[PDB]
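K.L.:
Handing you this structure, nothing more for now.
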Amino acid sequence: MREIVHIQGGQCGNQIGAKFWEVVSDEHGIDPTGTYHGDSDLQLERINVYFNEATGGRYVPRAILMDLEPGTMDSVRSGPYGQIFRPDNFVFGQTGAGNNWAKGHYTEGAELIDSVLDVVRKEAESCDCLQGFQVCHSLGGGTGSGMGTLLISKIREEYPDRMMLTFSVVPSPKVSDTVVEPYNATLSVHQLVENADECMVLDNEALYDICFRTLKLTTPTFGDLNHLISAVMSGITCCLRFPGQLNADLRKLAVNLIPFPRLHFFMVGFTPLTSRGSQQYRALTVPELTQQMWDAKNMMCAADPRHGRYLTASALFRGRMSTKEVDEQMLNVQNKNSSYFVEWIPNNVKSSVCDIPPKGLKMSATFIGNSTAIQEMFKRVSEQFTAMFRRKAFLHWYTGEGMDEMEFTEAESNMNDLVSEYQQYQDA
Amino acid sequence: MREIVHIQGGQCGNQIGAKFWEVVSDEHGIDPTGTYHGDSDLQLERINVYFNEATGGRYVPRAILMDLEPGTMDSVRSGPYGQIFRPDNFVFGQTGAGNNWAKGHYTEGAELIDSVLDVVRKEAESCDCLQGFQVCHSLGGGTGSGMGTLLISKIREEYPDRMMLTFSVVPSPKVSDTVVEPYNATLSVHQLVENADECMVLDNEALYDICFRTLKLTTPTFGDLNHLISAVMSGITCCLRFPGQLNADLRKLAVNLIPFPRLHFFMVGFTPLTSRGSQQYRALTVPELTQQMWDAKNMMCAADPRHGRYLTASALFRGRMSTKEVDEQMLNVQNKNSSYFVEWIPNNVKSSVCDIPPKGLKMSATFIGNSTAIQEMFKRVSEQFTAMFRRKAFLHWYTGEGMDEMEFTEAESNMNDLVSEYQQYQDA
Amino acid sequence: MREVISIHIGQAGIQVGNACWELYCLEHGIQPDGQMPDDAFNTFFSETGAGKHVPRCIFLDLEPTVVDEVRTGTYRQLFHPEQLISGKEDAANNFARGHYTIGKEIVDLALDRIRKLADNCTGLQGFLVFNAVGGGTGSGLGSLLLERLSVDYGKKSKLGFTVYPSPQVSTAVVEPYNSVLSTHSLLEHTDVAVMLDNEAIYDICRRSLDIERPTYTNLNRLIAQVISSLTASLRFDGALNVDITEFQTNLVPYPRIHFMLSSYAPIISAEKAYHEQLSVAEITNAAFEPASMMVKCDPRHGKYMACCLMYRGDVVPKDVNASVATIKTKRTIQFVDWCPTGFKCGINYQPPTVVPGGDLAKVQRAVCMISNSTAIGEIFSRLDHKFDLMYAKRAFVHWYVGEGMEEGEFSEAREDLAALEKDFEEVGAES
Amino acid sequence: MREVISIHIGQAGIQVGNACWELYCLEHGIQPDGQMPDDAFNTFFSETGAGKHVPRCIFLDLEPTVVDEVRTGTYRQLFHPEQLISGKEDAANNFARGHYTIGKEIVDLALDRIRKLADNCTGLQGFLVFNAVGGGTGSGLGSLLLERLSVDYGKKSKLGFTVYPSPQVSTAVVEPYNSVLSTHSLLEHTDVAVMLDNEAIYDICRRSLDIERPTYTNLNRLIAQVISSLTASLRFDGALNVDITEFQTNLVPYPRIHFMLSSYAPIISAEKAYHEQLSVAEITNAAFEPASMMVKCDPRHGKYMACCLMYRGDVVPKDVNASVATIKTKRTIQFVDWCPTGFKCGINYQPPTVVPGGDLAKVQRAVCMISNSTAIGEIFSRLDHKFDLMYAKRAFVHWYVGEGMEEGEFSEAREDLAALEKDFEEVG
Amino acid sequence: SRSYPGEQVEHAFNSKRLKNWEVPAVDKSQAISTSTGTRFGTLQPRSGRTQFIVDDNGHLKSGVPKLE
Ligand SMILES: Nc1nc2c(ncn2[C@@H]2O[C@H](COP(=O)(O)OP(=O)(O)OP(=O)(O)O)[C@@H](O)[C@H]2O)c(=O)[nH]1
Ligand SMILES: Nc1nc2c(ncn2[C@@H]2O[C@H](COP(=O)(O)OP(=O)(O)OP(=O)(O)O)[C@@H](O)[C@H]2O)c(=O)[nH]1
Ligand SMILES: Nc1nc2c(ncn2[C@@H]2O[C@H](COP(=O)(O)OP(=O)(O)O)[C@@H](O)[C@H]2O)c(=O)[nH]1
Ligand SMILES: Nc1nc2c(ncn2[C@@H]2O[C@H](COP(=O)(O)OP(=O)(O)O)[C@@H](O)[C@H]2O)c(=O)[nH]1
Ligand SMILES: [Mg+2]
Ligand SMILES: [Mg+2]
């Protein structure tokens, strides 16, 4: 029951999809051959939320890899855990991506959708009770920003009642992985505002600082960044996969977070994060978990909470612990820095808990929060978009695909409506 | 009891029949020496539906191989399973056919009927209870199409109560193996509208699709495609040959299928089909059989059922299974995507089951669909006919055999009326 | 049961028959002395009481100087000497001599020999006629033979492979007359005609085989390869067998249009073979390439009306289909509108054979493409313009009028050729 | 699968073709005799049915004196003999002869080679054009060849690594003429055109490599290092994989501005490697150094409209984003306002390879920079001065108008430079 | 010659997947009257009496509007 299908579309999508399925596989004790080698029956009780049984007792992930130019797919197949995916669940086109939203959404998306959806349906029927969909996007690139939104639109029409979730990697404030990032951003955010129910924004800048200062790493590879992201993605469905003295389904998480249908851009963080030196010094207690999680540094996106107001927040704990302490810590926080919280919400946090920690750990905690400091990213993005669009740089590339300019102005107005909505409820 | 006499006309028919009798014979554990070497007593009970006893315990098939230019028979007469046939069931003419429907129907065919009919009768009376006929065709050439139909009209009048099937392979839409193909097609269709009870249509092109899109083959040969056609042909007479908790005779399969006497064109598909790598992941259950068969890819004909509506359908499952799942599955489909099924037929599927799966499997199925998308074969053929018949191209070859001209238009009008019957009943 | 009869008229007829038969004996293991150390040789041969395989061909000519080379060569134990037919005097590059004066004395024995040769046949498929238009013997005597054959058999199928008078490279001066005369004579009687030109095959030998000095024998090797590919499906197994009647029916649209081009691929040297891969897509693209046409016609000045392809060796039907679909999608290939179809494909499992001391390279895939395009209007226009330029002055006409003709035969032939080129124009025009 | 087509025109094109194709044969262990003692060589080769790897390049030229050397050099077993195209006589430093007289009867002969060279590619990225602007074959045949490509392919990506007439060092007197005529001909037909001068690479050989006896075989070895560093993502794994389609999109603001600069770092002798450490920050600093530019243009006189970076070797992504941030803090570097972004980046885990007998040093970090600066209007202007200088007396023109050109093509080609000159200022 | 839509098998029959990057010839598919006007639409029906416009030997017999 409560099955979940997983989508990764793009280079960044497909690469973090590798780490995510490696983290989950180690959680439930399955080898890259697909066989099971865990000990408890807890690994086998709710394996069906992500995997499908096979002959001889194998568990294949319920994932889809969609990406043009299968180069990165050939890599993840050559990876250690590339033997687990069904070769059927690969969708690729021989053409190039272009780092372009248009041809991702209009030309080559158009021919891949025929096969992507048939793959989606044939595995969504295997579910006895579909909970929702989750995707891994990257708003800079062309495939992710173009195929992903086209896929989400189709998904929302074919399954509107369910929950589609997004871990979108947004552009970075100072460094820019590509040059047409603003155009790729707005044209995707304009699609996200109508067709998304939950969308956590991540930024590589925030990931770099956490990996540099806190984790004290010296050569943070994208393998490590995705080990971070894979950790925080797994930390959401712990209530689904494992028992808990206060469990929290995915649906009730949104119900408590988003007060309005359009404010679904969250902000995440994981705890605990220590160096190899400080693992000896600092303890593992709930006050420790909550002190690091509320910090303005664990925010995996480059938004500053001290500038905005928290609409809602959420915490998910893992490890046999005392549920009075968590309720006390979250209340204590609200009373202390009360100005950062809205007043017409009495108690604006939810708190889950799971009796099952990560594999090698004993206490962990994961954070989600819907702040009004998220509007800053959209202001910075909207500013860069209008600066380039006022002169029509790189525009012949988009209009060469049957796009017009109303599709840009519509996108920019819809992003301007969103940033004003966030400004209203930010009463400073 | 329930005997069946089998015809193979033309080069194509003489080569599909090669694999067919290789498949069925192995299913009953008989050698190319014709001697039985199976194990169970189940093979011996209904062996007489296809074979006849002979001195020394040999079992010769109840087949008839007819063809002009017996060159292709010299192949099968020399193959591994070429020593089973009776040599008197080898009818051939010293001259050639020429991919010309006329002389394959009027001049040369007529000089062979006097001999062919003595062959069909002498082994239609050896049947204590004749069930029906079955033929294998090719609407492109002259022998299979021309002599095929001319043989039928002789059979239709001699044995009007018995049943006549035609596994006719029809032309391909995008690449034509012959140039005179549209002429030979309609002039044969004009015979099958009136002188046929059931007519399964197949396309060599859609067979290629299934061959490397599902089977993911590398070097498909006609020897492998015939290993597909022979799999569905063998999939029909299971209820005649093997016991089952819900049997389905060949006659009852038609009455449940064609509502009106003219719509006797179907489309077939086989299940399960996996690669050599996929059998490691995918499981073999009824929900798998029921989605791969209902998909719009296993349709061995080049007609997309999603461009039309299903009038009726069928399914012949094989293997000890739960007869509820089959009942509720075929029910669930008609309810989910109700747009593709007609309304004035509430329950438009028939479901049989046999306790004896294929020789090497544990569960299997077979599908027969009577959709209104079958008209697409007739639109595409109608234009290719009129584009060259209005110009009178390649036609002096047909009047060379004294053929008339209205025999072309009547053959065409008969089609362009059949293409409308398939549309009245398609209220979209 | 699958038997054909071969006729080599004129000099070039037997010049290419020698190559074809050195090919066939080697391909079927037949030693030059008739016998070898079923149903595989029966297409071209006949077995005597013990071991001897005599070929079912006829070599007809009027110069003893070549039939005697054949009689003295190593291939002298093969033929029944009554098959090798020669005359005392030659036609001397004169249609009138070949048709009215000389050939009418030996037609009687040629026909009774053809009768005796077709008697032993059980199932006769058709007559192959290797002719060389441009020389009196070839032209006139083939016209006379074809008229006699049409009145005798009629129902049988006549393929004629006619070495056609070439645009510029020409070893004659009167040939624009006898080419028109031969066409006007045989048009009503041949069932299909395959054109091929010494200049085009010279260019092929230059650009592909890297040979720079071909002495009329490399061209014959190439023609032998072509016929072997074309008649494989008669004596070799393989999917999609194709015989003569199937070949001609779906290829000749109107009673007039029965002349067609030819091509072959791959055709390479023993090192470019070893340094190339030759997939089926490359083979079909090279076949449909104009620079591979065995005749001096450019298909891009017209529109195809049908094509026939005979793949040999390691070929699969899906690959054939995909390559034909790619050709269709291509933009430089045109097709006259009234044929939405247009390809008759066949496969054979027997790869093309190679000859000792030859020049081609051992391959495993090969294609012999044969198409009927509306561009041979250009070669008919060339020939008619040359006949015109000459007959405007009554040049050389005294020879033809002395050797038993009159003037009206020139006007009949010229009007027939004008009508033929108007046909090739109209039947291609679209509404 | 990720395939390209490399074209070499003129003597320079072939003189670099020996350099690059000596590099790849070395970079994939390919012996000069074709074979070696997948998906790696398949970018530049075609594994025949047995052993040998044929390069997918084409050496086109008119003088036989260079292509015959390749036919006798050690790299003679490599090339398919029909790919190496050579004529009788050459264009003789004259744009007309390469465009109207001689070029017109060999293009289709090259096209048939390119035609059959594009079909064996299953996934094509784009054509690579090596040109020699300033001569007859390079400037004449090249421009005529591109137009024949633009009508045959149209949308495909054609790059141009066109060596360009140096300001001071010059081995021609008419090279101002056939350069102008080249641009106006390639301007509307190339997708993006890199520039590089023989003098700018001479000083690189003087300062850094410290070779005082430099020859062309010392320059062509520097160009192969660029492309090997540019097409690593096509054939080698590594984070931030980047293909060619995504290369022109975020780099060419307007359909006109596609003249770009190049760089490389490090460039050191064998011994100073034992005097350095080559940190990634130091590399990208020296990559933006004008002294490390491969064109004699000065970026510190203009502004940057875009930048593209290809890193290689031991590089991790945090430092690329760390050091680029620093360069954006420096003030010597400017950026036009309407592109706040501008840094497409790329990584590869395959360090650059060293050639036996070469002059570079074994290293583990490297950067290949490509930028679209507006200062490229300076090197453009001089060509418009020297052309206008000689054209006032119409010296040397009786040669151009002697080989099928008229006065139109001179003023026609002269105005476009004026139109392009103002275009390089309208962006400011 | 035309290319009629093979509906379920219409994918994998573009020029691209057939290794042809040469600006595909689409008029062979556009002369047809398919529903959506593209490769994936189904075509239309006819009455099917099919007059002649031509005598035995080609040569459009009447004043049929023809392109010279
Ligand atoms: N491909 C090929 N063509 C040949 C060969 N020998 C001659 N030809 C051509 O055939 C034409 C002449 O035909 P011939 O057979 O020699 O003349 P003829 O038909 O015997 O008439 P007469 O000479 O009067 O007896 C010339 O155009 C030759 O180029 C050959 O060996 N191979
Ligand atoms: N980087 C580099 N440039 C070269 C080389 N050889 C020549 N060049 C330059 O290329 C330009 C002319 O080279 P060519 O290829 O001979 O010119 P072309 O197109 O062949 O014209 P023609 O000589 O008339 O046939 C000059 O500016 C040369 O300095 C080389 O080996 N490497
Ligand atoms: N966590 C993580 N993010 C990446 C990685 N690679 C790329 N990204 C981001 O992916 C963004 C560009 O999208 P990309 O997937 O590379 O191109 P696309 O194929 O058009 O979607 C860039 O902003 C990169 O920062 C990676 O390896 N790990
Ligand atoms: N499945 C299958 N189809 C074939 C085979 N051979 C031919 N066909 C089809 O049969 C058609 C030609 O008809 P053909 O049998 O040669 O002419 P006939 O002798 O008059 O019946 C073509 O469309 C072929 O594609 C085969 O071996 N297997
Ligand atoms: Mg002669
Ligand atoms: Mg030069």
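Numbering, chain C: per Swiss-Prot, residues 1-37, 46-439 in sequence.
The header says electron microscopy, 3.6 Å.
Each Cβ is built from the backbone N, Cα and C atoms, and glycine gets one as well.
Grabbed the feature section from Swiss-Prot, which reads as follows:
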BINDING   C:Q11, C:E71, C:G144, C:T145, C:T179, C:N206, C:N228  GTP binding site
BINDING   C:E71  Mg(2+) binding site
ACT_SITE  C:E254  active site
K.L.:
Mind checking which of C:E71, C:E254 has the fewest other CB atoms within 10 A of its CB? They're the recorded positions.
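P.N.:
It is C:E71 that, of the recorded positions C:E71, C:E254, has the fewest other Cβ atoms within 10 Å.
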K.L.:
Near C:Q11 (GTP binding site), how many other Cβ atoms are within 10 Å of its Cβ?
P.N.:
19
K.L.:
Between C:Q11 (GTP binding site) and C:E254 (active site), how many Å separate their Cα atoms?
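P.N.:
Given the Cα positions, C:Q11 (GTP binding site) is 31 Å from C:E254 (active site).
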K.L.:
What span in Å does the GTP site cover, taken as the longest CA to CA distance among C:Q11, C:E71, C:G144, C:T145, C:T179, C:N206, C:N228?
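P.N.:
Roughly 22 Å, rounded to the nearest whole number.
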K.L.:
At a 10 Å cut-off from the C-beta of C:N228 (GTP binding site), count the other C-beta atoms across all protein chains.
P.N.:
21
K.L.:
With the Cβ atom as the reference point and anything under 6 Å counting, tell me which of the recorded positions (C:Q11, C:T179, C:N206, C:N228, C:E254) are near ligand 5.
P.N.:
C:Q11
K.L.:
May I ask which residues of the same chain, at least 6 positions away in sequence, place their Cβ under 8 angstroms from the Cβ of C:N206 (GTP binding site)?
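P.N.:
The answer is C:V171, C:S174, C:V177, C:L227.
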K.L.:
What Cα-Cα separation, expressed in whole Å, is found between C:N228 (GTP binding site) and the residue listed as 'active site'?
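P.N.:
Taking the Cα atoms only, C:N228 (GTP binding site) lies 26 Å from the residue listed as 'active site'.
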K.L.:
Which of these recorded positions (C:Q11, C:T145, C:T179, C:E254) have a C-beta closer than 6 Å to some atom of ligand 1?
P.N.:
C:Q11, C:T145, C:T179
K.L.:
What residues, ordered by sequence, lie under 8 A Cβ-to-Cβ from C:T145 (GTP binding site) and sit at least six positions away in the same chain?
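P.N.:
C:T145 (GTP binding site) has long-range Cβ partners C:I9, C:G10, C:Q11, C:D69, C:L70, C:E71, C:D98, C:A99, C:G106, C:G111.
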K.L.:
Identify, in sequence order, the recorded positions in C:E71, C:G144, C:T145, C:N228, C:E254 that approach chain B with a C-beta to C-beta distance under 8 Å; the answer is 'none' if none do.
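P.N.:
Qualifying residues, whose Cβ lies under 8 Å from chain B: C:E254.
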K.L.:
CB neighbours of C:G144 (GTP binding site) within 10 A?
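P.N.:
That number is 30.
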K.L.:
Using the alpha carbons only, what distance in Å do you get between C:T179 (GTP binding site) and the residue listed as 'active site' once rounded?
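P.N.:
C:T179 (GTP binding site) and the residue listed as 'active site' have their Cα atoms 37 Å apart.
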K.L.:
Would you count the other C-beta atoms found within 10 angstroms of the C-beta of C:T179 (GTP binding site) for me?
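P.N.:
Its Cβ shell of radius 10 Å holds 11 other Cβ atoms.
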K.L.:
Can you tell me whether DSSP puts C:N206 (GTP binding site) in helix, strand or coil?
P.N.:
helix
K.L.:
What's the CA-CA gap between C:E254 (active site) and C:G144 (GTP binding site) in angstrom, rounded?
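P.N.:
So the Cα of C:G144 (GTP binding site) lies 33 Å away from that of C:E254 (active site).
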